[PDB]
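# Residue-level structure breakdown
Letter by letter, the chains look like this.
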Amino acid sequence: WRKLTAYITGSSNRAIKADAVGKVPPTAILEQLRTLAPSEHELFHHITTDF
Amino acid sequence: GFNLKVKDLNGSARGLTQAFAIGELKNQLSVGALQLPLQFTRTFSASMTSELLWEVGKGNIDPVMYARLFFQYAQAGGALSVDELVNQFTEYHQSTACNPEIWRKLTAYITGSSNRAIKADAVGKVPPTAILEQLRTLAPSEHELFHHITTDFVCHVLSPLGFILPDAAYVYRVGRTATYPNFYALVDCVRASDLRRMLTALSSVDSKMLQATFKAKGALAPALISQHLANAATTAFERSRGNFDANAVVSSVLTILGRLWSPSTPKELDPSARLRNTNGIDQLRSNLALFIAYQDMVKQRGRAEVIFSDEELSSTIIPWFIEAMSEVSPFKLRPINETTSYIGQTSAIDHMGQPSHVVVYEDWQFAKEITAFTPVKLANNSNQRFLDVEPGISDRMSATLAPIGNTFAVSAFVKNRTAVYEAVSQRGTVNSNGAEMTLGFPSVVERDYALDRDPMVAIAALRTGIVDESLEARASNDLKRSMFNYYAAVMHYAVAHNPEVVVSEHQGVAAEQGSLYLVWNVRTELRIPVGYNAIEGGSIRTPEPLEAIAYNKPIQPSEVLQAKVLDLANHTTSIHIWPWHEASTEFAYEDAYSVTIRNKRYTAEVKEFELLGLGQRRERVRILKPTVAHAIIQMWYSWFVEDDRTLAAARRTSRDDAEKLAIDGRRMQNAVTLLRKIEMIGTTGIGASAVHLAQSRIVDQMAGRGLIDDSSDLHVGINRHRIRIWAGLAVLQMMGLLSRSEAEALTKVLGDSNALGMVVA
Amino acid sequence: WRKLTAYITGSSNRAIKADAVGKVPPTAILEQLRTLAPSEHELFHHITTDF
Amino acid sequence: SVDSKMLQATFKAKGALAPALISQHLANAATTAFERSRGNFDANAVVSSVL
């Protein structure tokens, strides 16, 4: 997640309530995650997608 | 409970007595006579039924809990004195106080936006815990919960800003306990009251309270407040030390008071000049509970010296540190009469008309509450556990559990236990010794096996008297301690029924007194022999003790002694409870039923989950254990078990028919009744679950294999019952209860009569 | 006879009161009583018991 | 469904959430998601059993 969080905002881990302001994914992270490669077979990605 | 032949304990339970209590040891032992009367109204006892599940951690300060909870470590002897408890705190805290750093690091956590401008932004916040767990990481609550100390402490400062939210919300299960505390207990409870005073003091304030270094629009420069706080804590340190040493004082007081019960201590001319300061004195005394400590000193302090120097006259102020004036402990001012009453008396007689195989018992009440929960490790072995209810399921079971309690009519057990015991003067008329009087007190017993604990050879050591020590001292103390209560409870009754005494002591000793102590004034039962303790011609008063409690007409109780129900479940398992690993056991038991069908033996093995009827779920349930009943049954059980010995013996000692014959039924019927229970408890769901399961599996074994000529084989009693019973007993075995071994002795009931099982149902 | 009885229920000399006297299927007992009896044909004897 | 749906407040406006932190909740939130594991019993036998 933390890595992802870097993606969640490149504004990443600093304060306050992580700014407590702003967002939006819209996917894309997914494809990052594809990169990292964890859906040993795919669509475990989906599992993560909705989740 | 405990049986005694009433003529001695001066050779048979100097593991008991006031003299003994003096540690004045060995003698039938006089009471000269000699003085002045008493009673109370009250008790102040803990809370006889106490044992509670306390929701634990949260908000701002409930000092009471905190301390009271503290009191639990202290109590836990796992924390000795309060002093020990405190040094730690300071040790972390001062270790804390001296560094603004600690905070600073935290501040990095407070916002990762950390130390830069302006009033640290002067905008935004929110914790909600979590920091805590960081702090756990850093590791400063040398033992925990110094963490709590820090928990409430920072948060408030935060407040206004951030937002909290934790799993401070907890429950701690405080368990089974005494009623009567004891000396240091007092003292430390008072130190805990000091701790209340602390608690109101350190805790509370030192940061509450306030600057302005928050004030909107601003917030606070970062690093800076740390300095305030760190030092703010220094002040929190500096106030240090509650009342004076309670120990001496209380004792001082006690003896002071001691010095009041008198005779005859005209030192000052008794409570006197010092008395004249007083006018609050008044109540102290007036509860029996209050006395009770004294004795403790007598042994403890060997019976100390010089009324504790009065704490040098501390005018009117140290009682005002008490719990009645610093309410630390459950100690419950409770009216003597109600102090207990689940006990009624019961008795024998040979047509005597007096009794001599006599039972006064305590009556419980026990019923449902059953819970099989999966402890949830929601963390890596952390106290942070939800204990997850497998709802309905246990509960399906609970209902089957339900018929039982009632059916197991324990109150009647004891009724029975007498009813049985004696037969007429058959075995009599055969007494002029210490007649039996038997005391039906599950409670301790319950407690000990509920405490795992197996004192009973030490209890026996009490039995002889001389009760002594060589191992796990903690336990030993406990072992001892527990004992105290007993007599303690007793007098209540003693008093209850005869609430009249004169306090008189034994000389022949140093420090110089021997407990003004008590006597009662029985005369109830008439011309009666029972030890040198009397007779008291015509008229009767009488000094000591048990017997007197024998000396009434038996009765029922009026206290239920219903077991308490507990929670860390509803609402609370969203949050945890701490240690209970023990408090639960993993679910299970599997065994196999063997029967020989047309001369070929068949055997099928069976298991729990499915015994519920449920393949074969998660497998991760620990179960709230059966604290009560396992024991109560082991009473029941045991009660049964001795009896056969006696009974067999009784037959042996029967050397005519009539007696033997009397034994017969007396022997018999009732067993099958046991059986009546057991098959009956087969008529339940759960019995049936076995049964259904059972036959079927068999059925195939013959039919499925060959010969099918057999349903019948289920349907003669013998076997039927056999399985049923066995099964029924089996249930118990996953109810823990028995041992297969122990059942086996019940199986020894098989030889007998060998009648058995004609007809049903 | 009495004697026999006397035990059968139930142990005699105080013998009084609402107790709990779960007498039984008496069944066997009788045969003791038979023993004490003589043993004439079948049982009449038993009836009598029932009586 | 669930294991994160479902919920804290570590979002609640004006706030949002400290960064890294929620991860811990979630990661572990997933652990619970793990722990429940195993549906009905083995269908195979059973169905056949039934059959």
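Residues numbered from 1 in each chain as written, not as in the entry; some residues may be left out. Chains lettered and ligands numbered in written order. Part of a larger assembly, values for the part shown. Heavy atoms only, no water. Residues with missing side-chain atoms left out of burial classes, pairs and counts.

For this coordinate set, the PDB header names cryo-EM as the determination method and states a resolution of 7.50 Å.

### Focus on the overall build of chain B
Helices and strands together make up the secondary structure of chain B, namely 25 helices and 14 strands. Reported as C-alpha extents along the three principal axes, the dimensions of chain B are approximately 95 × 80 × 40 Å. Residue pairs at least 24 apart in sequence account for 68% of intrachain contacts in chain B once pairs closer than 6 positions are excluded. (Helix = DSSP H or I, 4+ residues; strand = E, 2+ residues; numbered from the N terminus. Contact = heavy atoms within 4.5 Å.)

### A look at the sheet that holds strand β1 (residues 3–6) of chain B
Residue and element names in this part refer to chain B. Taken in spatial order, the four strands of this open sheet run β1-β9-β6-β5, and their pairing is mixed. Taken across any chain shown, the strands that pair with only one partner, and hence form the sheet edges, are β1 and β5 (343–344). The pairing of β1 with strand β9 (residues 435–440) spans four bridges and is classified as antiparallel. Along β9, the bridge assignment pairs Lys-5 with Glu-436. (Pairing = 2+ DSSP bridges.)

### Remarks on the sheet that holds strand β11 (residues 584–586) of chain B
Residues and elements named next belong to chain B. Ordered by their spatial adjacency, four strands build an open sheet running β8-β7-β14-β11, and the pairing between neighbours is antiparallel. The open sheet terminates on both sides in strands that have one partner only, identified here as β8 (385–389) and β11. For this sheet the average axis-to-axis angle between neighbouring strands, irrespective of direction, equals 40 degrees. (Axes fitted to C-alpha atoms, helices over the stretch in contact; angles between N-to-C directions.)

### Side note on the arrangement of the chains
Contacts between protein chains span three pairs of chains, and they are most numerous for chains A and D. Of all C-alpha pairs spanning chain A and chain C, none lies closer than 67 Å, and the two are not in contact. Separated throughout, chain B and chain D approach each other most closely at a C-alpha pair spaced 6 Å apart.

### Focus: the pairing of strand β12 (residues 591–597) of chain B
The pairing of β12(B) with strand β13 (residues 600–606) of chain B spans seven bridges and is antiparallel. Counterpart to B:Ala592 in the pairing with β13(B) is B:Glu605.

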